[PDB]
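One chain is shown next in structure tokens, namely the form deposited in one PDB entry.
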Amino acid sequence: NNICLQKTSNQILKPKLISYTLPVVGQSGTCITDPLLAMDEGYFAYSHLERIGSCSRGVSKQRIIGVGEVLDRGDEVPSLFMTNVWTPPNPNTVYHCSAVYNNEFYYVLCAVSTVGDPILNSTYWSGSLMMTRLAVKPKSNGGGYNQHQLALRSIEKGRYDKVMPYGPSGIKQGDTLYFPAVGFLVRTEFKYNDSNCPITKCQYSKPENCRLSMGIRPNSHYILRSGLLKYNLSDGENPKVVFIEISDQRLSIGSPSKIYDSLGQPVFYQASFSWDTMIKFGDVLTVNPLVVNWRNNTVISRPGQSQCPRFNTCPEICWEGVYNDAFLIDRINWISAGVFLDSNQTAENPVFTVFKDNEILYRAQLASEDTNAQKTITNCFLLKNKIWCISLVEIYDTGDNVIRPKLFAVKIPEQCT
């Protein structure tokens, strides 16, 4: 599996638009929000919420959770071929779905909330979760093989009041599924040392800021800590979910995260939703005591607002940013790939980027510099020995004043010229 290891102004990445595969009807005129794209083996899970009207508050038309195969579409280009689609009854109660694939089934764990987004109405949230299993290769049946919902006998959340899936994709190890998650911890019970917060090189930074921005506001009742939710299929007739907190090395507010096998090992990515705006991801050293050997990356960051803009590294009170994940594609050189919004303070201009810790190797702009965009989900795999990445990129449609997900399949280039 050989790819260019040299920085090169050449336009050697040539992405293909394969969004036609997904269930997006542009002609409907609808906003498509809350996307999820998970790929493992030859299979993928996909989800979105389709709205008539504004993306924030237009009326929900449908929530889709679908699974299928990633196949060579006929010309050595991968496409998504959806085979099994479930529309949740009561679309408005389903939030924060996360997907892990094991043994011919994709399992999606979703928060259920009749009080709104659990992150925003967190003290009133029931805490209840739903686990849905979808066959990737369905079969003619009279019951639930193709789709059924499971019983979570218990939820072991430890000292947290509430735990929740929080991010698109997880991993399997044996029969144990690990979803990216977040724990809600009462702020008064959050033990932290202000001296630890890194204000040494920052003149306007204050010691309180790191603790204060572990919540969505300085006076939030809860703080959010990222982690994993563990589901051992080979454990009782109805298994329990067990929350597993992330280590406190390079701690940031709990945010949409992702854990993925790449080249034989799990990698963890955490979105930077506050002041540590440099990309947070790296090899998982241990899963159950979750500790991530974070990359010390000096080139990739995300756009923010005025308080925590791109390239900010000084502690600050802020809850802003965008989920732009990255996929390791060569562990010998630690080269990774992702789509990043190449702007300091506005959510615009998606650029597909192949990069090292201290160097962007090569890039393709997928749209114009003025083109508004948001969430980005990248997944890479082999197709007949070719490293391919499929990136979902939320892009703004100025004609309908809405946002819609576009899919790019991008072959990583073997040769720099």
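Only the largest set of C-alpha atoms that superpose within 1.5 Å between the two forms is called the rigid core. The first residue of the sequence shown is number 1, and the count goes up from there.
Unshown form deposited in another entry; subsequent notes refer to it.
Positional change of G42 between the shown form and the other one stays under 2 Å at the C-alpha, relative to the superposed core. Core-superposed comparison between the shown form and the other one: CA of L17 displaced by less than 2 Å. Once both forms are fitted on their rigid core, the CA atom of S28 lies 2 Å or more apart between the shown form and the other one.
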